[PDB]
Structures are given as C-alpha cells and as structure tokens.
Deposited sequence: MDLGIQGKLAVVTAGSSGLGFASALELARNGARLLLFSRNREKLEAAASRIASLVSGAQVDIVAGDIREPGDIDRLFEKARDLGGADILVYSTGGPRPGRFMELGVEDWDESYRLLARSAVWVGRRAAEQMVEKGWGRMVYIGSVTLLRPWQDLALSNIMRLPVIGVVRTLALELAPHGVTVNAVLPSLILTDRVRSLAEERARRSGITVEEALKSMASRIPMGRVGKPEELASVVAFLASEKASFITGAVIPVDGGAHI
C-alpha cells in the first residue's frame, strides 16, 4: 500500500525506455525523485518530460552516458551525490549480441564484459557508497532467465551476464547489516535478451515488471535481500 519512498532518490540506468523507464515511472508514481541514465541526452530529456506529464510534480534529472564506461557511471553518481545521494538503484541494460558459443570472438567476449559484468559491478559500487553513507538503500538488478537455463543462441548472456548475479549476492551479503538490500528480478526472456513454454501464455508487460521493482525498492521490503525473483509468467519453471 504505502511504499514509504516519497522523496527518495532513485537512480535508474537505461531509463529512457524499456524496463528502466517503466521502473522509473512506477517509482515516480510513488513519490520518488528520479535520476535517469542512458546514452542519448535528447531521448533522456524526453523520458523525463513523459514522466512529468503522467505524474504531477515529479522531479526528474538526467545524465547522458555509456554504461560500458566506468567514468560515465562515476559522472552519474556525482550528480546523484549533488541531489542528496542515491537511495534506490534500478540497474537495467540492453542484452549482448546473439550468437552461439563457438562463433564468438575475443572482441565479443570483452564487449559483453563491458556491457554486462563491469557495469553491474561499478554501478553497484557507486550506489553502495552512497547508500551505506545514509544507512538505508535499495538496489534492484534486472537480470535474465539465462541465469537459470542457458540458451544455445545466447552464449554471451548465459556466461557474461552471470556476474550480475554474483554482484547481487555479494553486495546483499556485504550491505545487509548497514540497512541496504540488493535484489534481482528476471523478466520474460525477450524483454532482456536479443534473440536475433510460458505457463501463463503471454510475454510480460513492462508495468507488471515495474510493480515488483517498486515493491522491492519500498520501505516494506526491508527484510528481503539477495533474492533473485522470476517475474516471467512461470517460464523459469
């Protein structure tokens, strides 16, 4: 009911569209201030505008940058510090390129590392620094169901996305006694992964995923940490 996150600052990566955007909007509907990160300044400014149009009085700031670059993440978190410090993090990225294991080159592996693994680590680090200063925080990582089952066509995801989940479990353990929780959600595969049975018989809507992210980010979810929660209509089963 009352998520108790009014006035808190949520940092959301890939926040101009997709699950990042949907997450940002739901948080703003619950009274969160926003800081959005994605590659393109113009599309970011535009996302901020939509949010303000759907949610009267929403405060949204933006930082344009590349998730693949630690220096851009640093710049994001400097702006967060100036806004009072990151209270909530929603980590979202695009998926790596499709391809079977034996057809990928060294460059493909290094690139998936910069996109997926290093980003989860460095965003986590900078978010953790600020949340531990306050003694309260919520991180929600958006992962892939390829954590649970590999797909032959999604080798980069099966492999180089796994560190995302190690970060969730490691930071959950590290930060647990300092009032910060660190959790992950696993949406429908085609929402997180580039491909080129679902018991419920449909792919998820962004809003359905965003509601769970909101709840995990809430005052109410204070005893949940290190959880990796499928939000996929039962497809993980």
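- Absent C-alpha positions map to one deposited sequence range, 197 to 219.
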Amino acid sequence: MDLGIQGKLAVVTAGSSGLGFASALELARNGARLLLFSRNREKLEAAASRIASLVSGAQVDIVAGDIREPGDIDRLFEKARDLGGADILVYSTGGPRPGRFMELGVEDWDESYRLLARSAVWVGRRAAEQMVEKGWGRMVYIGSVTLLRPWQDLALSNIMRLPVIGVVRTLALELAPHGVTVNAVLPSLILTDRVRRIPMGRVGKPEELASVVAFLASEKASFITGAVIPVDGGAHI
From here on, numbers count along this sequence of modelled residues.
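- Looking at 37 to 45 and 165 to 173 together, the entry lists the larger mean B-factor for 37 to 45, computed on C-alpha atoms.
- Higher mean CA B-factor, judged across 186 to 194 and 202 to 210 from the recorded values: 202 to 210.
- The PDB entry assigns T93 a C-alpha temperature factor belonging to the middle third of its chain's modelled residues.
- Among the modelled residues of the chain, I142 sits in the lowest third by CA temperature factor in this PDB entry.
- The deposited CA B-factor of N158 belongs to the lowest third of values across its chain.
- Per the PDB record, residue ranking by Cα B-factor puts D108 in the highest third of the chain.
- Looking at the C-alpha B-factors along this chain, the one for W122 belongs to the lowest third.
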